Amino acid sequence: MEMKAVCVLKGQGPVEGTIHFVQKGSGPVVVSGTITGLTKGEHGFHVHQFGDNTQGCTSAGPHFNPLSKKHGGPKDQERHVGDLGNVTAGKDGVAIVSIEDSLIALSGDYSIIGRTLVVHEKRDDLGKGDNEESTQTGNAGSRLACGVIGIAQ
C-alpha cells in the first residue's frame, strides 16, 4: 500500500535528528529529515541489525546484512542492505538527508522496521578502503547517535 516509518536519533554527545521513511508498494524507500550537532563534512549512515538501545548505539550490532555481503556504498551491487552511504553537514552542523534506496524496505525480509539507524563520526569510504575494516564498516568510526526505526501514521 503506502508504508511510513520514523527514527529519532540520540547519543552521548550533541548529535540528534529525525528521519522519515516512505515506501509506495514495492517501490523505493524515500529517506528524508535533518540531523543537527555534526562536525563539518561527511558522516557514515547505516541501518544496523538490532533495535537494541540497552548499551547505547553499541548494542545495535553490525550493519543489517541478511545476504552476508561485504560493506559498500548504496550504489554498489556488493553492499549490506543497511548501507545508505554518507550524509553531509556544513559549518552549522546540520545535515539534510535525501536518499532513495531499493534494497532497504519497510516490510518483508529486507524490513528495517525495529532495526537501528546510526550516524557515524567519520566519512564512509563505501567499502573502497584497503583493509578488513572497510569491508565491514567503511572505516566510518564511532556511532554518534542512533534510534529504533518505528512504524509511523
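Counting begins at 1, following the sequence as shown.
As the entry records it, the average C-alpha temperature factor is higher for 24-32, out of 24-32 and 38-46. When the C-alpha B-factors of 110-118 and 52-60 are averaged, 52-60 comes out higher. Ranked against the other modelled residues of its chain, the C-alpha B-factor of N131 as given in the entry falls in the highest third.
When the modelled residues of the chain are ordered by their C-alpha B factor, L67 lands in the highest third.
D124 sits in the lowest third of its chain by CA B factor, as recorded in the PDB entry. For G138, the recorded CA temperature factor ranks within the lowest third of the chain's modelled residues.
In this PDB entry, the Cα temperature factor of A152 sits in the middle third of its chain's modelled residues.
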